[PDB]
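One structure is given below, encoded as C-alpha cells.
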Protein chains: 2
Amino acid sequence: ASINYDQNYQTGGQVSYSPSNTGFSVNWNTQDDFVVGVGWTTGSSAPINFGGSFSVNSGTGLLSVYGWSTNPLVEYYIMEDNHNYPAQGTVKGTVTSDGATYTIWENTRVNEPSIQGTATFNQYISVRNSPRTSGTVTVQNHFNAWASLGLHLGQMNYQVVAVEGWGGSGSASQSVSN
Amino acid sequence: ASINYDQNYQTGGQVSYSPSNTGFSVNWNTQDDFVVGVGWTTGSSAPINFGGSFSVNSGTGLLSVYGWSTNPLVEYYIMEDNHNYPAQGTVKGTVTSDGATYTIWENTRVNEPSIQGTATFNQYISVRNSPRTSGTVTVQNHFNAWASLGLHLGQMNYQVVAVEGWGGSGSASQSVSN
Ligand SMILES: [Ca+2]
Ligand SMILES: [Ca+2]
C-alpha cells in the first residue's frame, strides 16, 4: 500500500524510535511499556510483510502485527515473536498459518487506554508457536479463525507492525509492507 | 506535615491542574484517565484532612486518598466520593470510619503502569457508602481493616489526596493537610 501511519506510544525510560518510509528502528532500556511501529491508518486483508532483527536483552519483548477495531472496540495482536510475555487471558484454540500454528487467546482490558479514550474492551491474540523475525502474515486467516471461535471484530481502524516492551533493554530494525 | 509531593498524571484531553501549597485545583474535559493531587513523599498514619468542591458533570470522577506501597507493590484508594465508577474486583468486607461505612474491595492490575514501571499488583480500595467532599480520613482504620481481611501492605511510598477521571468533564478545588 504505502505506510501512512506511525505508531508511537511510550510512557518512560530510554526509547529511541526511528520511523522511516519502509520501516522503523528502535533501541530501548525501560521499565515502562511502549508500542512503536509503522503501518496503515485503516487496516485491510492484505498479507503483511515484515523482516529484520529483533533482540530482547532482558525483560518483555513482542514483535507483532498490532491493531484496533471499532464497534466493537477490539485490540488485536498476531505475535510472530515474544520473550518473557505474561500470557494473559483464555486460550480459545489454534490456527495454522504461514508456516506455523498459533495459539489463540481472548483477554479483557478493564479501564485501559484505547483509541476511544480509557475503556474496557477485549483482546484477540494469535501467538506463533515457532517465533520468527522475518515473514508474511496472512491476516485474513487470523480474522477467519477468530470469528469462528466467537472472537467478533468490527470496523477496521489502524494496523501496524509494532514492537512492544518493558522491564529491560533490546533493539529492533524492521522493514514493513503489504 | 507540609505538602512535599505533587501527583500529576494525565494521558490526554483538557486537564487544567493547578497545585498549591495548601491544596490543588482541577478543571477537566477528557476521555483519558488522569490522577492529580497533592500530599506527601512517604505516607503515614496521620489523619488526612480534605475539603472543598468536587463536581462531575459527566463521566467517571473519584475524590480519594490515593497511594502506593512497596514489597509488596500495592495501589490503594480510600474513596470519599465517586461517580460512574465501574466497581471492579472482589468485595472483602466493611469498616466504619469517620462518620460512615466503607465497602472494601481487592482488585488486581495486570501489566499496568506503576511506581516500579509497568507491573502486576493488587489494589486495596475502601469506598465510602455516604459520599462527601469535606472531612478527615483516619487512614489507620483502613490499614487495620485491610490487614484483618488479608489485604497486606508493605513499605509506605507516596500518599496524596487525588482526583481521577475520564469520559467527561468536571472540576475540583480541594484543601489538603495532616
Ligand atoms: Ca526472538
Ligand atoms: Ca459527589
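Labels for the C-alpha cells follow display order: chains A, B, ..., residues from 1 in each chain, ligands from 1.
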
Would you kindly return, as a ChimeraX atom specification, each protein, DNA or RNA residue with an atom no farther than 10 Å from any atom of stretch 116-126 of chain B, considering only C-alpha atoms and excluding same-chain residues fewer than 2 positions away? /A:11-13,30-34,86,165-167 /B:64-66,68,70,72-80,87-95,101-114,128-129,142-143,145-146,151-153

Superposition of chain B onto chain A by least squares over all sequentially paired C-alpha atoms; the transformed chain is requested as a CSV table (one decimal) with C-alpha atoms, in the first residue's frame.
chain,number,residue,atom,x,y,z
B,1,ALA,CA,0.0,0.0,0.0
B,2,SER,CA,2.3,2.7,1.4
B,3,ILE,CA,2.9,3.3,5.1
B,4,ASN,CA,0.7,6.2,6.2
B,5,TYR,CA,0.6,5.6,9.9
B,6,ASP,CA,3.3,5.9,12.6
B,7,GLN,CA,2.5,4.1,15.9
B,8,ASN,CA,4.4,6.0,18.6
B,9,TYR,CA,3.4,5.2,22.2
B,10,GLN,CA,5.7,5.3,25.2
B,11,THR,CA,5.4,6.0,28.9
B,12,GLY,CA,9.0,6.4,30.2
B,13,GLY,CA,12.6,5.3,30.1
B,14,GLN,CA,15.1,5.1,27.3
B,15,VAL,CA,13.2,4.5,24.0
B,16,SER,CA,14.9,5.6,20.8
B,17,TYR,CA,12.4,5.2,18.0
B,18,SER,CA,13.3,6.0,14.4
B,19,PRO,CA,10.4,5.7,11.8
B,20,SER,CA,11.0,5.6,8.1
B,21,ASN,CA,9.2,5.2,4.8
B,22,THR,CA,9.9,1.5,4.6
B,23,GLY,CA,10.0,0.5,8.3
B,24,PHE,CA,11.4,1.5,11.7
B,25,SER,CA,14.1,1.1,14.2
B,26,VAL,CA,14.1,1.0,18.0
B,27,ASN,CA,16.6,0.8,20.8
B,28,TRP,CA,15.2,0.7,24.3
B,29,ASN,CA,16.1,0.3,28.0
B,30,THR,CA,13.0,0.9,30.0
B,31,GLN,CA,10.7,-0.3,32.8
B,32,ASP,CA,7.7,1.2,31.1
B,33,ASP,CA,5.5,-0.1,28.3
B,34,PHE,CA,5.8,1.4,24.8
B,35,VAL,CA,4.3,0.4,21.4
B,36,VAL,CA,6.1,1.7,18.3
B,37,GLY,CA,5.9,0.7,14.7
B,38,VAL,CA,4.6,1.7,11.3
B,39,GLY,CA,1.7,0.7,9.1
B,40,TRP,CA,-1.7,1.9,7.9
B,41,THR,CA,-4.5,4.3,9.0
B,42,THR,CA,-7.1,1.7,8.1
B,43,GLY,CA,-6.2,-2.0,8.1
B,44,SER,CA,-7.1,-4.5,5.4
B,45,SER,CA,-6.9,-8.1,4.4
B,46,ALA,CA,-3.6,-7.6,2.6
B,47,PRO,CA,-0.8,-10.0,3.7
B,48,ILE,CA,1.7,-8.0,5.7
B,49,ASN,CA,5.5,-8.5,5.1
B,50,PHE,CA,8.0,-7.8,7.9
B,51,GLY,CA,11.7,-8.6,8.3
B,52,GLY,CA,14.8,-7.6,10.1
B,53,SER,CA,16.1,-8.1,13.6
B,54,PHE,CA,14.5,-8.1,17.0
B,55,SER,CA,16.7,-8.7,20.0
B,56,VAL,CA,15.5,-8.7,23.6
B,57,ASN,CA,18.4,-8.5,26.1
B,58,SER,CA,16.1,-8.6,29.1
B,59,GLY,CA,12.5,-8.1,30.1
B,60,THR,CA,9.4,-8.5,28.0
B,61,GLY,CA,9.6,-8.0,24.2
B,62,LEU,CA,7.0,-8.7,21.5
B,63,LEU,CA,7.2,-8.4,17.6
B,64,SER,CA,3.7,-8.5,16.1
B,65,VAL,CA,1.1,-7.2,13.7
B,66,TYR,CA,-0.9,-4.9,16.1
B,67,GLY,CA,-4.2,-3.1,15.5
B,68,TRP,CA,-7.6,-1.9,16.6
B,69,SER,CA,-11.2,-2.3,15.6
B,70,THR,CA,-14.4,-0.2,16.5
B,71,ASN,CA,-17.9,-1.2,17.2
B,72,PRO,CA,-17.0,-3.5,18.9
B,73,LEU,CA,-13.8,-2.0,20.3
B,74,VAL,CA,-11.0,-4.6,19.8
B,75,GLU,CA,-7.3,-4.6,20.3
B,76,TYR,CA,-5.6,-7.4,18.4
B,77,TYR,CA,-2.1,-8.9,18.2
B,78,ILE,CA,-0.6,-11.5,15.9
B,79,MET,CA,2.7,-12.2,17.7
B,80,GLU,CA,5.4,-13.5,15.4
B,81,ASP,CA,7.8,-13.4,18.3
B,82,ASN,CA,7.7,-12.8,22.1
B,83,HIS,CA,10.0,-13.1,25.1
B,84,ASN,CA,9.0,-13.1,28.8
B,85,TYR,CA,5.4,-12.4,27.8
B,86,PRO,CA,3.0,-13.0,30.7
B,87,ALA,CA,0.4,-15.0,28.7
B,88,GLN,CA,-2.8,-13.4,29.9
B,89,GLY,CA,-6.4,-14.5,29.3
B,90,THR,CA,-8.1,-17.6,28.0
B,91,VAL,CA,-6.9,-19.9,25.3
B,92,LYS,CA,-9.6,-20.4,22.6
B,93,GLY,CA,-7.9,-22.7,20.1
B,94,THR,CA,-5.4,-22.6,17.2
B,95,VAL,CA,-4.9,-21.7,13.6
B,96,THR,CA,-2.2,-22.9,11.3
B,97,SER,CA,-0.9,-20.0,9.1
B,98,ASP,CA,2.2,-19.0,7.3
B,99,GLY,CA,4.5,-21.9,8.3
B,100,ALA,CA,3.3,-22.5,11.9
B,101,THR,CA,0.5,-22.9,14.3
B,102,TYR,CA,-0.8,-20.1,16.6
B,103,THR,CA,-2.5,-20.4,19.9
B,104,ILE,CA,-5.5,-18.0,20.1
B,105,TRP,CA,-6.3,-16.2,23.3
B,106,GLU,CA,-9.0,-13.8,24.3
B,107,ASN,CA,-8.5,-11.3,27.1
B,108,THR,CA,-10.2,-8.3,28.6
B,109,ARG,CA,-8.7,-4.9,29.5
B,110,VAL,CA,-10.8,-3.0,32.0
B,111,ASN,CA,-10.5,0.8,32.1
B,112,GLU,CA,-7.5,0.7,29.9
B,113,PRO,CA,-6.3,3.4,27.4
B,114,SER,CA,-7.6,3.0,23.9
B,115,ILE,CA,-8.3,4.8,20.6
B,116,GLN,CA,-11.6,5.8,22.2
B,117,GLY,CA,-10.1,7.0,25.4
B,118,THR,CA,-9.8,4.9,28.5
B,119,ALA,CA,-12.2,2.0,28.1
B,120,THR,CA,-12.9,-1.7,28.7
B,121,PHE,CA,-12.5,-3.9,25.7
B,122,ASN,CA,-11.4,-7.4,24.6
B,123,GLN,CA,-8.1,-8.5,23.0
B,124,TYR,CA,-7.8,-11.2,20.3
B,125,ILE,CA,-4.3,-12.6,20.3
B,126,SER,CA,-2.6,-15.1,18.0
B,127,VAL,CA,0.7,-16.2,19.4
B,128,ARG,CA,3.0,-18.0,16.9
B,129,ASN,CA,4.3,-21.3,18.3
B,130,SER,CA,7.5,-21.0,16.3
B,131,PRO,CA,8.9,-17.4,16.7
B,132,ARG,CA,10.4,-15.6,13.8
B,133,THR,CA,11.6,-12.1,12.9
B,134,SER,CA,11.0,-12.3,9.1
B,135,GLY,CA,8.0,-13.3,7.1
B,136,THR,CA,4.5,-12.7,5.8
B,137,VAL,CA,1.3,-12.7,7.9
B,138,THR,CA,-1.9,-13.6,6.0
B,139,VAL,CA,-4.1,-11.5,8.3
B,140,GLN,CA,-7.4,-13.0,6.9
B,141,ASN,CA,-6.5,-16.4,8.2
B,142,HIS,CA,-6.4,-15.0,11.7
B,143,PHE,CA,-9.6,-12.9,11.3
B,144,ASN,CA,-11.4,-16.1,10.0
B,145,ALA,CA,-10.1,-18.2,12.9
B,146,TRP,CA,-11.0,-15.5,15.4
B,147,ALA,CA,-14.6,-15.2,14.0
B,148,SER,CA,-15.1,-19.0,14.0
B,149,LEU,CA,-14.2,-19.1,17.7
B,150,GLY,CA,-16.6,-16.3,18.6
B,151,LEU,CA,-14.0,-13.5,18.5
B,152,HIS,CA,-16.0,-10.9,16.7
B,153,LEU,CA,-14.4,-7.9,15.0
B,154,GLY,CA,-15.9,-4.5,14.0
B,155,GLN,CA,-14.8,-1.7,11.7
B,156,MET,CA,-11.1,-1.8,10.9
B,157,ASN,CA,-9.0,1.0,12.4
B,158,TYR,CA,-5.2,1.3,12.3
B,159,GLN,CA,-3.0,-1.7,11.7
B,160,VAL,CA,0.8,-1.6,12.2
B,161,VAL,CA,3.8,-3.9,12.7
B,162,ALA,CA,4.9,-3.0,16.2
B,163,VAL,CA,7.5,-3.8,18.9
B,164,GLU,CA,6.3,-3.6,22.5
B,165,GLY,CA,8.3,-3.9,25.7
B,166,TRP,CA,9.1,-3.2,29.3
B,167,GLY,CA,11.3,-4.3,32.1
B,168,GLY,CA,14.6,-4.3,30.1
B,169,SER,CA,16.5,-3.5,27.0
B,170,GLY,CA,16.7,-4.6,23.4
B,171,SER,CA,16.7,-3.4,19.8
B,172,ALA,CA,14.8,-4.0,16.5
B,173,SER,CA,15.2,-2.9,12.8
B,174,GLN,CA,12.2,-3.9,10.8
B,175,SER,CA,11.0,-3.5,7.2
B,176,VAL,CA,7.2,-3.2,6.8
B,177,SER,CA,4.9,-3.5,3.7
B,178,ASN,CA,1.9,-5.0,2.1

Let's see if you can do this: from backbone DSSP, list all helix (DSSP H, G or I) residues in stretch 30-168 of chain B, as a PyMOL selection string. chain B and resi 139-148

Picked from stretch 34-86 of chain A by DSSP as strand (DSSP E), as a PyMOL selection string: chain A and resi 34-40+48-56+60-70+74-83
